[PDB]
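Step one of this worksheet: look at the structure below.
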Amino acid sequence: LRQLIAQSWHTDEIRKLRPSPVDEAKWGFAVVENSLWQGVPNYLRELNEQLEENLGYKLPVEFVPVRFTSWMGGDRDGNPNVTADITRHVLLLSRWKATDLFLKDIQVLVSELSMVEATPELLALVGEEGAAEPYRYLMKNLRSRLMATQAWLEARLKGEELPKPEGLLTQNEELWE
Amino acid sequence: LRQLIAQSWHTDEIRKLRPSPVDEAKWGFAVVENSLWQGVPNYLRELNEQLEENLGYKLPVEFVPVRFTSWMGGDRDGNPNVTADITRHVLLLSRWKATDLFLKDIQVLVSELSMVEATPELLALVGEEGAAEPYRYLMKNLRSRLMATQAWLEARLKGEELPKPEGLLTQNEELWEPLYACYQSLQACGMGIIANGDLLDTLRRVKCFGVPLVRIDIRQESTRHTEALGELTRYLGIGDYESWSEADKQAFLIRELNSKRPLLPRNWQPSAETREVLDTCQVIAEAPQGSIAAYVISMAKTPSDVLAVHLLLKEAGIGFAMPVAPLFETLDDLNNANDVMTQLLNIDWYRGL
Amino acid sequence: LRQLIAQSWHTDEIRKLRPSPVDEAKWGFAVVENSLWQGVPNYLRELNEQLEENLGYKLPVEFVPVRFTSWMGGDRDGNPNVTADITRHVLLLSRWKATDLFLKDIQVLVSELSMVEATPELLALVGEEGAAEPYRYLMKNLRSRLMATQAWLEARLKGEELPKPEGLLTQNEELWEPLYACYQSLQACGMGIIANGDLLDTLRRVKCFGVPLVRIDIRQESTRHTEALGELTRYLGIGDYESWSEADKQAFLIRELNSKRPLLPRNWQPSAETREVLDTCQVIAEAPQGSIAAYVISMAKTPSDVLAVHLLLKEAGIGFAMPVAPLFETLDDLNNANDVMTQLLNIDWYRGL
Ligand SMILES: [Mn+2]
Ligand SMILES: [Mn+2]
């Protein structure tokens, strides 16, 4: 506690210059990772435990009633600094950050899913090659697919144009499935 | 809790095959990161708080009395699977892992050291360019330096040979130095509490774990050294070392240990066993100083047993003094141990080495 | 003609600085490509047409009696600027240039060998894949193989170290073989006239110039070898070679030439001069066999002069028998020459080497 307080008294930072839409877009990523990332799923577990306790049923797995959106790098009402270039940029950055957070989730999954008992349907979906570590297989495929798109956006962020990898992620269905 | 237990009941893994020295070397890295990494520095804080409370003084920052070492990928006593190639490999892997753990420490430091108040000495050390974010500067330099060496070892691990980057890390002094500089200014400039926090922890970990992460120890039986040196002598037509009495072996060993002309034939054809003894000393010699803690000689029975490894290491080209240790592990060897070392210390050459 | 003359009156270049061994090595490549490259094969065709006309027979295709060699970047007699580093460099450059000239020959061949009629033996040698354009196949393979080695030497020339490609060219046999296979089928399959045209020319150039382009010769004074071997002996505490009478020098040299234990200290500190003598033999030894034609010993006066270089080369690690040649260049040395060689041939060890 004394360390942490001291940090704040001595860790002084003070913008000298007006923040920019990217900076403000970045603070929202900070809120997303330090609180919403754990917060949403917990909210959904509690809500589900309560439904079943009090009413007798749980919402189906496919039903996620919450969605977060941001106006950062999207709102130009009255703001000349939020240009189409900035939005383009911020749009990319979000994708980069989702890749960052989704990799941490996928790593965990790649190591904890050592189950070998699987369904015809799931086995079919892999059929041989990784049919001796099925769930792990599908998590390893996704891991590469995420790592590929990450690589591509770090280039675009940098200003380089280069074709997009075969497993570029663009839709949620690609992670969901 | 139910999730965690379920994992264990369903997460079944069972080796199908004999683990390998790399695997066992890997479990030790797992112990290092899941427990020793936090454990050592805490042990050192508590010990320090107690010294000062009960006795009135704290040990100085530069004094880290604990060091961890591993025999994994270092002990070949009785184990044909621990080859000089494996040790080479494991030696590299440790360095890779230290880079991994040291980066996590350095990242933290790069963001929390936003202090701008610094000392003449520290400012000098950066002087302009980063003289507007001094401590951060030195942590960013180290970050690159670590990232560079990491990159290099992931290639070597892979089997690729490519020159080493300008900021390749090989010694603990290279991590110590900058880190210690920040500590000093922060104390000097009134930021004691920040200095004695995560910096202190990384400081202590450098000396406790450092560059190699965990130094290894090499261990081979005495018999194996006698055979390598016997095959060598017969090839040179000098005689047969494993037939000579012990006074002759020491005679031969002291003569060669003092000799300036080499003995190991440049392009020789030994047997598998001998080559292994010879290659292992080449790894020791090839490895950065401070990677290898000691050469242990299991089954040591006489003074020539210890002198034998000093000869081989000399032949392997080694620039520093490697601690050799006889391992007495029989009632008679224990019984004879004292006699064996008083003779060894009576040899003037040994005593000064 | 007026253009060409004008060029010379206005194209003035004048060295401002002393040329370097590389520059002089380069002028020899200029002679090789502007005149020897066409000249040798023409000399061989005329000589062959004459043999058959006047005597009734032609020499066999495998017999190329001419070979060109250069002393450029090989002769250090009296020249401090020709260092072992320069020779290493020039040795590489020659290989680069042979790749350059051999590609021009191979391109021609890749397009003109559209013949599809081939022999069992040749078809076997390709068997499918390129069995629908056989001769072209083998010329395309060689083309890549040459292009690969070219790439590798342009890096080494540049100072970069990177492993060598699978199809690195080092011997003339590697160019000869495929080329000779095509010749054989073309003769066998009725395409004599095509075989005896540009293929014949490249065939003869491989043996006349080959992989190294022009083998070099190394040349150092005898005195320099005596000093290197004197400094060595004093360091080992054996004595001082440049004081021993000639019978003692031969004694010492024959003993060591037969010895199985090395003599050159692994990490030694000689003087500049000695190191140069030692490094040069390491280049010779390091270089592919057939790059170096001979070691010439200017100022050779006694049998130990020749034996001295065989000892150094042995110490440098050399796997083949390098032709050593005494250079007698004084009236007395000429006068004593015969005596010097009859003693050398009376040494049984020398005679069989
Ligand atoms: Mn034992
Ligand atoms: Mn002369």
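One-based numbering, in listed order, for ligands and for the atoms of each. Throughout, a chain's letter reflects where its sequence line sits, starting with A, and its residues are numbered from 1. The basis for the numbers below is simple: all heavy atoms, side chains too, and nothing from hydrogens, waters or symmetry mates.
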Check the side chains of C:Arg215 and C:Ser94 for a donor-acceptor pair under 3.5 angstrom, ignoring hydrogens and angles.
no
Strictly by modelled atom types, are B:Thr69 and B:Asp217 linked by a side-chain donor-acceptor pair under 3.5 Å?
no
Tell me how many protein N, O or S atoms are closer than 2.8 Å to the Mn ion (ligand 1).
1
Summary of ring-ring contact (aromatic ring centres under 6.0 Å, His included) pairs that have at least one residue in residues 270-311 of chain C, sequence neighbours excluded:
C:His225-C:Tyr295, C:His310-C:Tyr350
Is it true that C:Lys97 and C:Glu33 make a salt bridge, defined as a side-chain N closer than 4.0 Å to a carboxylate O?
yes
Test: salt bridge (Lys or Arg N to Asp or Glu O under 4.0 Å). Region: residues 21-30 of chain C. Which pairs qualify, not counting sequence neighbours?
C:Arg15-C:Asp23
Exercise answer: donor-acceptor pairs, residues 334-348 of chain B side-chain atoms, under 3.5 Å, sequence neighbours excluded:
| residue | atom | partner | partner atom | Å |
| --- | --- | --- | --- | --- |
| B:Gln343 | NE2 | B:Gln250 | OE1 | 3.2 |
| B:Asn346 | ND2 | B:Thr342 | O | 3.4 |
| B:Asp348 | OD1 | B:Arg351 | NH1 | 2.9 |

